[PDB]
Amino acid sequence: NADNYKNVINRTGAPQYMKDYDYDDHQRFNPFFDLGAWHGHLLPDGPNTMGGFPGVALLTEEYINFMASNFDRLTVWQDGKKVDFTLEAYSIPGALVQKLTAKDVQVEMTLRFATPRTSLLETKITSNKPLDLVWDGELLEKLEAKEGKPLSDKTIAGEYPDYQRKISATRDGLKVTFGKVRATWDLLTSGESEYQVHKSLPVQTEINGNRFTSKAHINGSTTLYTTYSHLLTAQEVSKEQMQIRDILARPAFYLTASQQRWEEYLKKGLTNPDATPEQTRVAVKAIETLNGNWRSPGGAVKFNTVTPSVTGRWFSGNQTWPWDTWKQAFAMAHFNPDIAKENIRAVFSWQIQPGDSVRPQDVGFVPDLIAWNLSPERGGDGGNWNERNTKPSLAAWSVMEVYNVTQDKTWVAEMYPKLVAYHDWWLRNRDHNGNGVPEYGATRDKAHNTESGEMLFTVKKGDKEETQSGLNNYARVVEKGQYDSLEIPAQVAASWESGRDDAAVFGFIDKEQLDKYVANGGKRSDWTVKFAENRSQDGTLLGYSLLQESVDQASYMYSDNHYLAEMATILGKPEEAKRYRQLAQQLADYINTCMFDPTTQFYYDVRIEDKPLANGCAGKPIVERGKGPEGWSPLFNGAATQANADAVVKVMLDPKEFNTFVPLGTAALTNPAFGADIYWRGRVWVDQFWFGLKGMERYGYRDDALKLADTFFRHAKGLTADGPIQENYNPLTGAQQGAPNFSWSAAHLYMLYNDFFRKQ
């Protein structure tokens, strides 16, 4: 089945820079990674690279960095004359292949992964005479380029003088060793990491600085085996040696293991018989993408996980976020459930427990960003690890989807208490006014407050800066408005917690836009989101909240409660189930009563106003900041009444609102802060699009959802081409932006294949 899907993504490339970046600093080629391994490979792009898989991509703890263009590239010689080949090269799901054809010699090379640190190359040589084989390779020297043009003349060795890369010959191949580099934002190594090449035949080797040439003589047709391993610690190096020996002893077993695992992914995943071949190919692209973004355990993360993009500037290594994970695992349940489970385990593995050394006031909290390296507060030197905030909680939904597929009650029993703890954390630490309806917010953190618990902020006016602390001081500063900007690190983190960090509803609007808003009769203060601290009965600072309750977050919590009730029932906990059903109903009541505006027929966030309203609502719906995808969150999550759903669907289908060339973007055309190229104020994301179609379907509008899915399929640029999957789309033009090989887009493209794509 895999052979039906050749070159789904363009995996060719010959990188010339460690950082061979696209316009947005992502690696501009798409290497093949599998089994959660920490290195990847490209296909040759022509004569200069044929005979090898160029562009060895090393995952250096938290970043993707190219090591070499040609490395272990084969050329073949007969009587001192080089054999001239023509090349066929292609990817399939789970392998890279190249075939070299000449009259009297042919070579077929197949590359698959064998372990979480090792790939296996089969070099099948057909020849009716003896041959001399030569392999060559060279480490990269240049540091950085953007769209193929150098950003500077900086060198790798110049930039990282301790990297001290060295090639050494071994008793069966060679190794590259690497010195310790703790470049927090760029390159992280232990000083014990190596890239190892082991082969099934003796070779002779000449090393010339950062290049090598190795040779062997064969008698005729033969199949050789080569392992390539990126090993990140001394312990990994030592442990891999027995695995390498086993692979070279029984290579057929490892090739077959990979073949069968991939056949299973495709068999389990490709289950929509109404899909066209073109739609099926998108599903396969999604599967390849998600599986490539899977990382095996590394560093502080003791579980397999999935990152948002192995090629991403800030998304690589094993950097893992919660709401990415929920979406990833929801889709991966349907083809790679073992890793869907692991990915969820990885996020919960650093959930805060009672007596935590850093934040004992945050029991149940799930960190925003976990990674190989712990932060200095937890004894590491990692700069990415983030506990300033979490992400929106679709955890129970994700866990339940794995259960729906596997029917494994032990999985529900494993996750239930972790889900309960998280649920409880939101209600303690993200409910400023104690009404059971959450806010996005931020933790107590070194970045957010002084050691005495006073909130930090920086008031900027022209080129003058003033850093102050204290919520009372913050209050006065907001009242007077004598600043160009007010930077509050806790409120930045709150925007991160929402997942949509420049959304209109959180106060973000450009100058020209706000000027027009004012000219039309609005006030600038309508865009000010106020901020508050959350304290326990005994006065302990628990964190912070926006003085605003978000309709998406309420709706996700509604679903959390619903899924927790379902799980409690499965686990024979009827009284817990009854309590969660009550909490769900109370949230649905608040969502419908408080967040639905009948005049504009849509749902919105509400402010937490100085005094609550007579109906118990914390404030009025924030209609004046315009409509966004949060307004269909009550439909997706099932909190909406039918009547309110009917109203929202009419708005979604309106070409003046959201029914655009690519429909269901992150702000309606009528939103005062709309911009077609703005990430969270117009651009279409696949998650929010699929949430909208699912919401439509839930309330009896599957036919209209199918139509929108067809519009998406026809208009989203690049969908049926061989480019990597990105983050979002211009709603007017369909043009793509964002990191290549983006996981949750893959996840929701797969779900669209499952749920809505079909032959017309």
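The first residue of the shown sequence is 1; numbering continues from there.
Asker: Taking only the CA atoms, which stretch has the higher mean B-factor in the record, 458 to 466 or 309 to 317?
Answerer: The deposited B-factors put 458 to 466 ahead on the C-alpha mean.
Asker: If you average the CA temperature factors as listed in the entry, which stretch comes out higher, 355 to 363 or 107 to 115?
Answerer: Mean B over CA atoms: larger for 355 to 363.
Asker: Between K81, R345, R625, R295, let me know which has the highest C-alpha B-factor in the entry?
Answerer: Highest C-alpha B-factor among the listed residues goes to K81.
Asker: So among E451, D552, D687, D431, who wins on Cα B-factor in the entry?
Answerer: Reading the PDB entry, the winner on C-alpha B-factor is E451.
Asker: Using the B-factor values recorded in the entry, state whether the Cα atom of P612 falls in the lowest, middle or highest third among the modelled residues of its chain.
Answerer: Ranked within chain, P612 CA B lands in the highest tercile.
Asker: Please place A716 in the lowest, middle or highest third of its chain according to the CA B-factor in the PDB entry.
Answerer: Its C-alpha B-factor, which the entry lists for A716, ranks in the highest third among residues of this chain.
Asker: Which third, lowest, middle or highest, does the CA B-factor of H39 fall in along this chain?
Answerer: Its C-alpha B-factor, which the entry lists for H39, ranks in the lowest third among residues of this chain.
Asker: How does the C-alpha B factor of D136 compare with the rest of the chain: lowest, middle or highest third?
Answerer: Middle third by C-alpha B-factor.
Asker: How does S69 rank on Cα B-factor within its chain, lowest, middle or highest third?
Answerer: As the PDB entry reports it, the C-alpha B-factor of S69 lands in the highest third of its chain.
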